[PDB]
Structure formats: C-alpha cells, structure tokens
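In: Just the starting chains for now, same placement as in the complex:
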Amino acid sequence: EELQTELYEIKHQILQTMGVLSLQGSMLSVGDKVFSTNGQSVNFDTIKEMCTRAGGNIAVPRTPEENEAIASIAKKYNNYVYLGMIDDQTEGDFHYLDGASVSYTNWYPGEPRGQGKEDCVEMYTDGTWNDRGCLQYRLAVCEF
Amino acid sequence: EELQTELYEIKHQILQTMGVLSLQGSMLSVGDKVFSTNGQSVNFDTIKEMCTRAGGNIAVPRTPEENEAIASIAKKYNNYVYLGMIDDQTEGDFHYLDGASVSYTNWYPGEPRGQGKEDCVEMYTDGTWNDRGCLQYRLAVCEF
C-alpha cells in the first residue's frame, strides 16, 4: 500500500529526467524507443560499439514515425546516418542485426542498387534510404 | 523480499541521473518540482507547446523558493520569463492554466497595471512579476 506512493514518486522522477533530456534536445522519444546521438561521424563498426557501450543499439526505424525521428536528427546535424541493418550474407535481402528480415523500408527510388558490394544502409536527410559501403563517416544515432 | 533490492537499485539509479543533470546545470530541483529551460526565447503559446511536448508544463512558482529558482534561471540567461498564469477572462484576477486562482504572488511594486489588454505574466531577473502581453520573446522555462 506504500508501494503506490513509492512507485508514483519513481515514475514521476523518471518523467522529470526524461522531460529534461527531451526539452534540451538530448534525445527523441517515439513510443517506447528513445533516439539519441553523440554528434560524431564515424564508420558503421564504430557506431555499433558506441551504442553498445552506452547500453543501446545503432538506430533502426521500423515505422514511418521512427523513420521521421531519425531523419530529423540527420537533418539537424546535416549528415547521413548509418542504420541498424545489413545484407552481408546474400545481396538484396536486408536484415536487422538480430537476424530478422527487414520489414518496413523507405528506399530512395531505384535503391537498393549500384552494387554488388554494398552491405550497409544509410539514411539521407530527407529520411529515404540508400545501400552503401560500411566504411564511410556517418552520424552515430543510437536507440535505447 | 527481492523488491527491496530491486527498488533500491531503481531509486539509486534515478538519484544518479538526477544528480548528473543537476550537477551540470541541466535542471533545478525544488521539492518535488524540477525546472529546466532549452535556452530559447519565444512567445507564450510557443513556450506552452515546448513544455507540453517534453511532458511538462510552463513553469509557475507557488512558493518563494520556487520563485527564486526560476529567477536564477532568468538571470543566468539574462532574459525575462513567461510564467504559467493568465488573466484573459476578467482583468485583475490571474489564474493558473488549470483554472485555479493564483495564490502566491510576487508583483513588482505597482503591478499589475498599465493595462487593459495584458493577459500574461513575465518574471524580471530579480524575480518580481509584471503583467504583459503574450506575444513577446521570453525565456522558455518548464516545470516537470
């Protein structure tokens, strides 16, 4: 019976810290997912490690709203973003990093194409996607 | 019995994140209320939306200590602050945004006056209040 008062305070305090981080542009909240960036431009492998170290994962949009959030960060920092998906196994079918087949997509018209040996996916500042090599310097955006 | 250990860790972690935000000037804590700003100067309506989007509300002091906190942010950013109170209905009696009548006040001597058509309230950098129109650019301060 004293849990409710205890749980309320906990939930309230969490709302406060999330409110502050949100108000100050430190992160974006979309449903249960929080997106954030450290502002750095590094390669795919480095991004993965940065996100993992923080306890999260390299961002990947699974809905238009999530896609738009990531896109907004992309245009805010004026940089393309590496997404949490690859097709290193067989070309054409992309997978999330857990192995599951990609469902929601937002390819720029004609994409994926050009290759060949393009295993990664980048997001343009308008939110559309392009398959690309994994060694370029791109904005690190993480999901928690 | 494993809740206590679980609740302790949760409370501890919350204290940590609040500690960090507090240490770095990201927010101010006064009792159960957290104040924060994104540093922007915008009109009354815009401030309201900014705070609401972050899950909070435009700040309003109900005690001298809360008033002093907001005042400190005001002088830190060298800007006046719109407060969460209006008197758009009948002139003279101000109300919080939920409708309740304003209790604690800190009017600069002679205020409210001048109008007429001044429905909003701004805080000077010394913490005293002035009634003012709602279209000026003022520091956005939110409470959570």
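Out: Yep, that arrived. Numbers count the residues shown, from 1 in each chain, chains lettered A, B, ... in the order given.
In: For residue A:55, give me phi and psi.
Out: Backbone torsions for residue A:55, taken as degrees, to the nearest 10, come to phi 90, psi 10.
In: What is the neighbour count of the residue lying closest to it once chain neighbours are set aside?
Out: Excluding its sequence neighbours, the residue lying closest to residue A:55 (C-beta to C-beta, 6 or more residues apart in numbering or on different chains) is residue A:144, at 6.8 Å. Heads up, the C-betas are built off the backbone N, CA and C, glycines and all. Using other C-beta atoms under 10 Å in any protein chain shown, residue A:144 has 15 other residues around it.
In: which neighbours does the longest strand out of those in chain A have in its sheet, and in what orientation?
Out: Longest strand in chain A by number of residues (criterion: DSSP state E): strand A:33-42. Strand A:33-42 has the following sheet partners, assigned by DSSP bridges: strand A:28-30 (antiparallel), strand A:138-143 (antiparallel).
In: neighbours of the residue lying closest to residue A:35 once chain neighbours are set aside, just the number please.
Out: Distances taken as C-beta to C-beta, 6+ apart put residue A:28 closest to residue A:35, at 4.5 Å, once the chain neighbours are dropped. The tally of other residues near residue A:28 (other C-beta under 10 Å) stands at 22.
In: same check, this time on residue A:22
Out: A total of 22 residues lie near residue A:22 under the criterion other C-beta under 10 Å.
In: And residue A:40, by the same measure?
Out: Using other C-beta under 10 Å: residue A:40 sits among 14 other residues.
In: residues touching it, list them.
Out: Neighbouring residues of residue A:40 by C-beta atoms under 8 Å, 6 or more residues apart in numbering or on different chains: A:50, A:139, A:140.
In: do you know how far the first one is from chain B?
Out: Taking C-beta to the nearest C-beta, to the nearest Å as the measure, residue A:50 falls 19 Å from chain B.
In: Just say helix, strand or coil for that residue.
Out: Of the three states, residue A:50 takes helix under DSSP: H, G, I helix; E, B strand; the rest coil.
In: wait, doesn't the residue nearest to residue A:55 sit right on residue A:34?
Out: Yes: the pair residue A:144 / residue A:34 is scored as a contact, 4.5 Å apart, by C-beta atoms under 8 Å.
In: can you add chain C next? sequence is:
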Amino acid sequence: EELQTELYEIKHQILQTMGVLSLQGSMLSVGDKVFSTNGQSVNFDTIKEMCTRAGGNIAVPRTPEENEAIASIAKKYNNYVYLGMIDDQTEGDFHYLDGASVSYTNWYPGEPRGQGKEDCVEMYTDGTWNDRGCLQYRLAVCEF
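Out: Putting chain C onto the chains we already have gives this:
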C-alpha cells in the same frame, strides 16, 4: 502480476536516460558508481559542496577501474582532480570522508611526501596520486 510490466517499463526508461547521458559523455558508469563533472576548477571545499548539492559526493576511486575512469575525465579536461580523501588528523594515513581508512591507493612514486601540511590528494592526468594542499583550483568530479 502487473508489477512486472510496471517494473520493466521503469527499468527500461532508466536504462534509456542512463544510455543517453552515457552516450553524450555526461557521465561515466563503473559498476554501481556514476562519475560526472561540471567542468569547473575550484578548491577542495567548493567541490565537496557542489557534489553534495547535486546529491552525490566528491569522487574517490576504490578500484583500478574506478581510478581509470576518473583519470579519463582528468585528461579529457586536461586538469588534475581533487579526490575524496584527506589526512588532516595525523600525517601519513589518509581517510575517506566517512572516516574509514584508505585501502586502494595509486600514489605516484615517492608520494605522499613534500609535507608536512598537505592534507588533500590530487590525481594527475595519468591517474597517479599526489598529496597536496586543499586550496588549489582542481577539476570537480563527483560520484553518485
């Protein structure tokens, strides 16, 4: 039975806020300890008050890993760091601020020495320690 869903969401949200603060360099997490700095260089007494106001304490490393974390902040800001330990009572034996005798140490070779009247401890940017007077301007690093 609805606590699990409630506790999960709480734990998840906490992970999110800690993830964001961590990703952005706002703090360092080592075991159960969080380290953070406001970037300011002030004396020992001022640091203590700054940390206490934020709900934490002036940092003190009790393991090599904690020592390395603090050291990284030290070299990041290119400043030496006052640690949460003193020997104001009798010279030679240092104590944590709760009174307990210091266990883990990492003195630079030859230290402590020179004095005499050196009651505080500073960390060099390589992580080694030096006993020093308590009135110098040093990076404020707090633990939560």
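In: and the nearest residue to residue A:55, now that chain C is part of it?
Out: residue C:19 (4.5 Å).
In: Just confirm that neighbour is within a helix.
Out: Yes: assessed with three-state DSSP, residue C:19 lies in a helix.
In: circling back to that earlier point, can the longest strand of chain A be said to contact chain C?
Out: Yes: contact between strand A:33-42 and chain C, assessed by C-beta under 8 Å from any C-beta of the partner chain, occurs at A:34, A:36, A:37, A:38.
In: to the chain's geometric centre, what's the distance from that strand?
Out: 8 Å (C-alpha atoms, centre = their mean, to the nearest Å).
In: Spit out the contact partners of residue A:137.
Out: Contacts of residue A:137 by C-beta under 8 Å, 6+ apart are A:41, A:42, A:43.
In: Check residue A:11 too.
Out: By C-beta under 8 Å, 6+ apart, the contact list for residue A:11 reads residue C:10.
In: In terms of helices and strands, where is it?
Out: Using DSSP states H and E, residue A:11 sits in helix A:3-23.
In: Without its sequence neighbours, what residue ends up closest to residue A:29?
Out: Residue A:29 sits nearest to residue A:22 (C-beta to C-beta, 6+ apart), 6.1 Å away.
In: near chain B, which residues of chain A?
Out: Proximity of chain A to chain B, by C-beta under 8 Å from any C-beta, involves residues A:6, A:10, A:12-25.
In: between the residues you listed, which is closest to residue C:67?
Out: residue A:17 (28.2 Å; C-beta to C-beta).
In: related to what we said a few turns ago, residues near the residue nearest to residue A:55, how many?
Out: 23.
In: my read: it touches residue A:142, true?
Out: Yes: here residue C:19 reaches residue A:142: they are 7.2 Å apart, a contact under C-beta under 8 Å.
In: one step back: just flag the most distant two among the residues of strand A:33-42 next to chain C.
Out: Checking the residues of strand A:33-42 next to chain C with C-beta to C-beta, the most distant pair is A:34 and A:38, at 13.9 Å.
In: For stretch A:102-116, output the C-alpha coordinates as CSV.
Out: Taking C-alpha atoms only, stretch A:102-116 is exported to CSV below (Å, rounded to 0.1, in the frame of the first residue of the first chain):
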residue,chain,number,x,y,z
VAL,A,102,13.7,-6.2,-42.6
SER,A,103,10.0,-5.3,-42.8
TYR,A,104,9.5,-1.5,-43.0
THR,A,105,11.6,0.1,-45.7
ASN,A,106,11.9,3.6,-47.1
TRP,A,107,14.3,3.3,-50.1
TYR,A,108,15.0,6.3,-52.2
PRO,A,109,13.6,5.4,-55.6
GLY,A,110,15.9,2.9,-57.5
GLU,A,111,17.5,1.8,-54.3
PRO,A,112,18.9,-0.6,-53.4
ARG,A,113,21.3,-0.7,-56.4
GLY,A,114,24.7,0.3,-57.6
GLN,A,115,26.2,-2.8,-56.1
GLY,A,116,27.3,-5.5,-55.6
